[PDB]
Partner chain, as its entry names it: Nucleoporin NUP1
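Before any questions on how it binds or moves, here is one chain, the form solved without the partner chain, in C-alpha cells.
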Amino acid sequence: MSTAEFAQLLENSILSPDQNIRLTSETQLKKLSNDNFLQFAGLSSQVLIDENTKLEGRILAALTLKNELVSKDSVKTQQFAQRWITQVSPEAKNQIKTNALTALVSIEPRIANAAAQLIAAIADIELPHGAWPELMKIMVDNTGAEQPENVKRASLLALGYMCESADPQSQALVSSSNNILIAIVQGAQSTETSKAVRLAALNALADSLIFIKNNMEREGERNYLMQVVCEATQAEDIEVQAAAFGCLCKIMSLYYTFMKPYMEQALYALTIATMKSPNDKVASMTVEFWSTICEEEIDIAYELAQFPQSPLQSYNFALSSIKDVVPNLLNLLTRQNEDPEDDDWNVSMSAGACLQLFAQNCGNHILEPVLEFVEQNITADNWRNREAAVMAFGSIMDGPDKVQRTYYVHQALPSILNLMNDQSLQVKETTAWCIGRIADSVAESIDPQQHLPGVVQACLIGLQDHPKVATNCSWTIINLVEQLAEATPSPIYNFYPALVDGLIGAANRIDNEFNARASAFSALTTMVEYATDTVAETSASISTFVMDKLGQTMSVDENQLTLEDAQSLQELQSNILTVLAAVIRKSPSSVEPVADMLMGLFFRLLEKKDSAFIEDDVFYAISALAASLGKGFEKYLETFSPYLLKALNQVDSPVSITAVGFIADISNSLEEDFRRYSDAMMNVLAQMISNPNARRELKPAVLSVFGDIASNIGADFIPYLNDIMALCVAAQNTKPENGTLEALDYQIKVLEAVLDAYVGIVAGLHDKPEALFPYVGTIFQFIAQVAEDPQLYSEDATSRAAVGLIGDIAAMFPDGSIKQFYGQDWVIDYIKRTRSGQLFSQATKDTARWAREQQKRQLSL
C-alpha cells in the first residue's frame, strides 16, 4: 500500500458518509494492524508528515496510531506496549519516531498537537525500557532560546502530555526529571517573548510536579524553580499569571514541607495582595492557593491524630494569616454574578469555599472577623452584601466549637429566617443553604419550640419560590430530617404532614429547572426512609402520589416528545421509581395487594422503547418488590426471567450489576426456596465473570453474590466451594492495576467483595466445618490484609465482618485443629483495636468481644 491510499483508507473509516464504506475501511485497517503492525504504524507516520495529504487525514493518522499504542484499559495498554516492542523493528520504530518529531515542528498547530500526543504515547512504552535516549535531549534542544516559537510550544506540550499519561508512580520520568525541568524552565522564564510558550511551559510544569521530587529536594534547584514561577505571576498576560498561581497551588499541594522560606520571603505577601486583583480568574487562583494550604494543614492535623507519632508537621500558615486573608475572602464574596441564573463558577464561590476551609482548620479563630462582617452586612441595602453575610455565616458552621456555634445560631437565626422574604433571588437561595448548614452541623441549636416551627415554615416558603431556592430548601429538609430523627423526644415528626405536603407540591412543578423537582423527589425518598408508625397517613400520601405520578408519565406518547421533554420525562420517571422502590422497602405491608399491578407497570416500563435509561431504576424497584414478597414473588419469575437473563448478560452495562443485585435479593428472600434456582444461577454467574467484555464494577458484584447464594443454600454450595474459593484467592492477591487512586479504590472494592463472599460461605457452611477446613489459612491471609490496610480496618462494617469471621471460624473448629492461628500477635492485637476503636459502633465492639472469647477458647484447646 502507498501513503496516499492509506490516507484515503483513514478518511473513509469515519469521514465518509456511506456507512458501508465505513465498516469495510474500519475492518481493513484492523486486519492491517493485526497482520502487519509495522506497516500500519509506518504508513500512519508518513501520512502524518505528508504535506500533500489534507490536514484532518494527517491528524487522523496520528490519533489512530496513538490509539493503537495507548489505552485506558490496563490489559490493552500492556498488549499494545508488547506489540510495539516485539512486532516493530528498531529501524521502523526509528523512522516512526523521527516522523513524529518532524510533525511536531509543523507550522500548523493542529498537526504539531496530534504529533505531541503520539510522541507521548510512544514515550509511555519506550522510556521505561530506556529505548528513546534521544528524546529528553531533543526536548531540551527544542525549547532552547534560539528555537522558533512553534518548536518551543509543541515540545512543551509533548512533555506536558508525557507527564499526564505516565503512571503517577513510574520511575522513567523521575530518572529524566532534570531534562524535563530544564526544558520547562527554558520556556517559563521571563526572557521568553511568547505568551503561548510560557503558558505551555507552566502547564507542562504542573503536569511534571510529581516526577520532579528529586530536584525539589535540592535547595538550589528548588529556589530557582520557585523564583521562575513567582516571576511568572508578574507577567503582563493574565493567562500566564493564573497558570503561575496554578503552579504555586500544585507546588504547595505536593511540596508543603519546603514552603516556609518561600512564604516568608515572597509568597505570603504576593498571594494576599493579588487577592485584590481585578481579574476574576487570577484572584480565584490565589484563593485556591490558600484553600490548598488549609487542606494540607487539615490533613496534617488528622495525621497527628491517626498516627500521633507521625513525621509531618504544620506551619500554621492559615492560622497566622487570618488577619490578612480572611478580610480579603469576605470582600470577594461580594463578586457574585449579576444574573441570578448564571451558575458559572467565579471568585466569590472560591472565597466562600476557602472561608469554609479556614473555619475547619482555624476553628474559633475565624469567629471574630466573620461575625463582624455578618452583622455589618446582613441588613445592608445592597443584595450583594446581604447574600455575602449569609454565605459567610453558613461557611463557619463547621469548625468553631459547639458552644460558640450554638450561641451565634440562637442570635442570628431569626434574622436569617426573615431573609427568605428578601427580594433578591441570590439572597434567598443562599439563605436556604445557610439554614441547611445550621441543620446539618448544629441541629441541637434549633430549639424544637423556639426555632423549629420557623425553620420548617421558611423551607415551606422556599419550596414555593424560584427553582433555585426550592432546590436548596429540599436539601435543607433532608438535613433537618436526617439530623432530628435520632432525638429521644423527636420533634420533626410533628412537621411531617406539612413538610411532605410542601415537597409533593414541589415535586409537581412543570419541569426540573435548576434540579428543583429532582431535589424534591430525593427529599421524599428521605421522608419515606425516616417515617415512623406514627406518620403512616403521610407515608401513605407519598405512595399514593408516586403511583399517581408514575401512571401519568406512562400515558405520554414518547414519539411526540421534544428533545428537552424527552430528557425531562426520562428523569422524572427515574425520580418516581427511586421513591417507589423506597416505599416498597419501607412498608412491605401495603405491597402484596398492589403486587400484580406494580409488576404489570414494571414490565411495561421494560418494553418502553427508551427502557435503557430507566431499566436500572425498574430493576431496583422489582428487586425491592422481591424482598417484600419473599415466596410470593416466585409467580413472576417465569415472565421476568427473560428480562433478567438478558440484563445479566449485558456485562458492559450497569443494568447487569443491578441484575446481580436482584439475585442477592431473591436468595435472601426465598433463601431455601432459592435452592432450586441456585445451580442455574451459579452457571450464569461463572460465565459473567469469565467474560472479558465485562464492566469492572461487576467483578465485585459477582463475588459478593456468591456469599449470598452460599449463605442461603448452605451445604448444597459445597460442590461449588473450590471454584469460588479460587476466584476469591486470585482476587485477594490481585494488586492495583496501576498507581492511580482509581485503581486503588477498585482494589479495595474487590477486597470488600471477597470479604462478603467469605462471610456468606462461612455462614452457609457453619454446620459443615470439614468442607471449609482447607481454606481457613487462606481466609486468615485475607483477614491479615484487613488488619494491615487502613482503607479496610477503619471501616466499621469491614472490621465487624472481619472480626466476625475470626470468631465464627473459631466456634466452627473446637477440636484445636486451627488453634495456632489464634495465638498470633496480629490476631490478638487486631481484636483489641476493634474492641477499643473510638469510631467503631457498639455492634462492632460486641462482635470483637465474641471473637476474643472464641480466641481465648482456642488457646485452652
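Note that the rigid core is defined as the largest set of C-alphas that superpose within 1.5 Å between two forms. Positions refer to the first chain, counted from 1.
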- Which is higher on average in the deposited entry, the C-alpha temperature factors of 708-716 or of 553-561? 553-561
- Task: Can you let me know which of the two, 523-531 or 486-494, has the higher average C-alpha B-factor in the entry?
- Result: 486-494
- Message: Maximum C-alpha temperature factor per the entry, among 748, 163, 581, 763, belongs to which one?
- Response: 748
- Task: Identify, among 126, 513, 501, 73, the residue whose C-alpha carries the highest B-factor in the deposited PDB entry.
- Result: 73
- Task: Can you work out whether the C-alpha temperature factor of residue 46 puts it in the lowest, middle or highest third of the chain?
- Result: middle
- residue 462, C-alpha B-factor rank within chain (lowest, middle or highest third): lowest
- Item | Third of chain Cα B-factors occupied by residue 646 | highest
- Assigned third (lowest, middle, highest) for the C-alpha B factor of residue 797: highest
- Query: residue 811: which third of its chain by C-alpha temperature factor?
  - Reply: middle
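The same protein also exists as the form deposited with the partner chain bound; that form is not shown, yet it is the one meant from here on.
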- Message: With a cut-off of 4.5 Å between heavy atoms, is residue 407 one of the residues that contacts the partner chain in the bound PDB entry?
- Response: no
- How about residue 260: is it within 4.5 Å of the partner chain in the bound PDB entry, going by heavy atoms? yes
- Contact between residue 185 and the partner chain in the bound PDB entry at 4.5 Å, heavy atoms? yes
- Message: With the partner left out here, check for me: in the bound PDB entry, does some heavy atom of residue 181 sit within 4.5 Å of the partner chain?
- Response: yes
- Item | Options 260-268, 365-373, 327-335, 541-549; stretch whose heavy atom lies within 4.5 Å of the partner chain in the bound PDB entry | 260-268
- Candidate spot 623, 636 and 685, all three in 4.5 Å heavy atom range of the partner chain in the bound PDB entry? no
- Message: To verify the annotation, which of these, 671, 134, 167, 231, has a non-hydrogen atom within 4.5 Å of the partner chain in the bound PDB entry?
- Response: 231
- Which pick from 310, 227, 214, 87 sits with a heavy atom within 4.5 Å of the partner chain in the bound PDB entry? 227
- Restricting to 315-331, the residues within 4.5 Å of the partner chain in the bound PDB entry through any heavy atom are 315, 316, 317, 320, 321
- Core fitted between this form and the one not shown: which of 574, 649, 587, 87 shows a C-alpha shift of 2 angstroms or more? 87
- Task: For residue 799, state whether the C-alpha moves by 2 Å or more between this form and the one not shown after rigid core superposition.
- Result: no
- Task: Establish whether a shift of 2 Å or more occurs at the C-alpha of residue 464 between this form and the one not shown, with the two forms superposed on the rigid core.
- Result: no
- Aligning on the rigid core, do we see the C-alpha of residue 723 shift 2 angstroms or more between this form and the one not shown? no
- What happens to the Cα distance from residue 696 to residue 78 in the bound PDB entry: does it get closer or farther than here, with a change of 3 angstroms or more? farther
